[PDB]
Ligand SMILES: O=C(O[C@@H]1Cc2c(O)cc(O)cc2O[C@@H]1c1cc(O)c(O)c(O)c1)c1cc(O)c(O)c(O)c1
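As structure tokens, one chain now follows by itself in the form deposited without the named molecule.
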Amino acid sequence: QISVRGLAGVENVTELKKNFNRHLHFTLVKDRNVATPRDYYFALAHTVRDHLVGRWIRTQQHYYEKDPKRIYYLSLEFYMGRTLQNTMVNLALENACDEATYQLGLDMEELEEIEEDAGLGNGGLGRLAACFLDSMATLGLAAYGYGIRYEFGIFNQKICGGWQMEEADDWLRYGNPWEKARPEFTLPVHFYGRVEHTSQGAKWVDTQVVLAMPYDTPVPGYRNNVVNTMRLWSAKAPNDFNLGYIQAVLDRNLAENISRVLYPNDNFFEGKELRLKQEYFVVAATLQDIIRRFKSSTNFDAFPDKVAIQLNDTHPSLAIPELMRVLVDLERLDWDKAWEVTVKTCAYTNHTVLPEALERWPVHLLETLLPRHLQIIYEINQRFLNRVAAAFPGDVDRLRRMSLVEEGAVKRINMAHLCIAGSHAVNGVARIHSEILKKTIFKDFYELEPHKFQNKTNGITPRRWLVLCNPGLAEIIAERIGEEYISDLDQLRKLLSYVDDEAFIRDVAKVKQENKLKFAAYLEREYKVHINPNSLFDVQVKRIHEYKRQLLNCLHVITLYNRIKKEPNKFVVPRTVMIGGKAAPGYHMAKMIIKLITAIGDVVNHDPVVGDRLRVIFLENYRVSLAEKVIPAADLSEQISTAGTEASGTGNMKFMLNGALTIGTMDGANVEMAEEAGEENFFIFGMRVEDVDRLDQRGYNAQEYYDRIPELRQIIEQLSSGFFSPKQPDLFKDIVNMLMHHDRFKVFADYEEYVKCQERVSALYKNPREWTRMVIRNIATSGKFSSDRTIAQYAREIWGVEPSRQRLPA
């Protein structure tokens, strides 16, 4: 069909067809007369999986022989989404499979919709790890992703009566064909116990043992025959566990609960024991695997030459004292030498400055669960603070501020401080964020060790986020500039020479229009909702949080509604406003925001005077597979966090690559996106970080904005009075109270500038040709935001390895 999807050679199509029939018979144990679409999906998945196997074995053999430096990316979250299409894309099998399935009387697109997302993450941090794995494989790095195989990933969201309800995501119910259990490489992990001091060192004894069983998932690079591994650990009880008899066997669940469920908080710290166990479990199993592989190449001097460990935020921070434990207590290295090895091996990436997100563990939890680790952390702290004292003599407040141990009501360990002390590099995830780290939260550490601090601006993989989800756009681009841009996204700059080309302008607009029709159709089929495909598709999809300011969007929507009601017969550019995202189950304000959005829709969508000039839709169960559908369909990307709060953002980048214009604040990577595209090609509004600081210094008073802006006052009066909740007039009181008296994110402060900027958006949308030309300028300058660029920078500047675009032999 289309060029970028690869060849459909007769030999290949014939072989795919016979292997499909083989799997259906021998693997699935079905005949064609009772097979369902799900059986057909599994037969295709097994057929494609067979093509990974040789490449996977050969890749891992190659690393064993060549013994390159290995990169270990430790994360509690890997938000992978679906695997079938991605695998076909990376192996150049998409057109062949399309042809094979077509000849068997099947629609491959229909079979793709059957696959469950692997939802082992909350949002941006989890999805970054997934893009990173794809880029590391594409760049030929000997890289391993290590995490937890949660039985239940991020919950499925249902909306009932306008409220979020949660259902367990039983993603493994039908089996996962992509993973391979490796019970033979099961490893013990220790908990509780006590420390004994002998003649020759400390000993951690009387521990409870939990087994870590690995499951391996292949990670194919783009057309280079490299297949790397993601290893996810599952918790198992030992067979003598608790060993009346029946109860002892039933109580195995206590141990196995460690890997049962993903904590569903985004940018929030919940200090529960089960979470700490998850964090140690992944670290302790992973480090034994790392050391085993290193010894199977005694002299730990060379450890940092053969191993890099990248900590995805502080969640795997226990890697630092665990590595020290192993080197000191088990390998009998002296402390100073062990510490040198540890620092040179470990690197830390920070993803947030929100105080409520930072991990600060109560000492009493660590004392009980991980008594030897607490001792090591204390020793690290004392040696570190001795260095601070020598560098800044007499500065006793600096000593208190920089300590790993926080004093107070309850004593806590600051895990970010631990990571900085024990890592040779510390990075933020966008230039403004990395600057914020050095100026504010980590200022003291930057002054002590300036060389540690780096920036690595985030990116997204153009395989999943262009070729897979938007083949139409990929195709019209390839027609002009060839296919090389898929693994070298900077080549999109060549498209600037087509900004005045009438044919290209038409094709870009046509692709968007087709994406919008397809999405409007998806809406009707799967959710019985009617939308106008000629309206401007105004989209804010991301987790629900106060800092992301879905509420500011809500205020604009009500403003548009009120302006229509005021002048019904005046023309306005029609909009479909789509907002989606999950709220953490315990986050009350986030749950109220969802209810407000559906409540606004109930009024707006049924007002006859509005007609189809304004629709407000809440997109249910936002997840990676839904992102792949809605992002190609969007016209306007809402990236409206308070300046200084969104560390980078990555949805922003996905929208830019897929032909939406952006309305946003100068926050996170939005700053760098506007710099790349030109500020004239971006809808920038609102306070900058410096303006937020100024307001905080004199004191934010929301009442002032209410008093001076009549359109804003009207909205608050509607909310308070029950306009959007007739049967429960006080339903939104908590929201109004927050906005008026304790809004940490200054929603009212950016309201006027936001509304004005939205008017400029609508004015440009009325001129299709100039809108499309601005889109082309965005797509053309999106190259910097490839995760291939990001990973090349980590490789060269942190890990000390050179990427390679060279193919392994098939």
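When you see a residue number, it is the position in the sequence shown, counting from 1.
In at least a third of the other compared PDB entries, does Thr298 have no coordinates?
Counting only entries that model residues on both sides, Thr298 is unresolved in at least a third of them.
Deposited residues omitted from coordinates between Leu243 and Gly244, as a class
Unmodelled stretch: 4 to 9 residues.
Could you tell me how many residues of the deposited sequence sit unmodelled between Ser297 and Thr298 (none, 1 to 3, 4 to 9, 10 or more)?
Count of unmodelled residues in between: 4 to 9.
Given the B-factors recorded for C-alpha atoms, which segment has the greater mean, 579-587 or 531-539?
Comparing averages over the C-alpha atoms only gives 531-539.
Entry-level comparison of average CA B-factors, 430-438 and 698-706, reporting the higher stretch
Mean C-alpha B-factor is greater for 698-706.
Residue of maximum C-alpha B factor among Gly651, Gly686, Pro608, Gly422, per deposited coordinates:
Answer, based on the entry's C-alpha B-factors: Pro608.
Per the entry's Cα B factor values, which of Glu115, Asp289, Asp667, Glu567 stands out as the maximum?
Comparing C-alpha B-factors across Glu115, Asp289, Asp667, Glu567, the maximum falls on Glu567.
Could you place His25 in the lowest, middle or highest third of its chain by Cα temperature factor, using the values in the record?
CA B-factor rank for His25: middle third.
Based on the deposited C-alpha B factors for this chain, I'd like to know if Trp233 is in the lowest, middle or highest third.
Tercile = lowest for this residue's CA B-factor.
Against its chain's modelled residues, does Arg463's Cα B factor rank lowest, middle or highest third?
For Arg463, whose C-alpha B-factor we compare with every modelled residue in the chain, the answer is the lowest third.
Taking the chain's C-alpha temperature factors as the reference, tell me which third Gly161 falls into: lowest, middle or highest.
Its C-alpha B-factor, which the entry lists for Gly161, ranks in the highest third among residues of this chain.
According to the PDB entry, is the CA B factor of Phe191 in the bottom, middle or top third of its chain, that is, lowest, middle or highest?
Lowest third of the chain for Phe191's C-alpha B-factor.
Another form exists, solved in complex with the named molecule; not displayed. Remarks below refer to it.
For the chain seen here without its partner, which of 717-725, 489-497, 596-604, 518-526 has a heavy atom within 4.5 Å of the named molecule in the deposited complex?
This holds for exactly one stretch, 518-526.
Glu711, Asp444, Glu196, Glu110: which sits within 4.5 Å of the named molecule in the deposited complex by any heavy atom?
Going through each option in turn, the one that passes is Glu110.
The named molecule: the contacting residue among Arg480, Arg223, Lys629, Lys337 in the deposited complex [heavy atom, 4.5 Å]
Contact check passes for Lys629.
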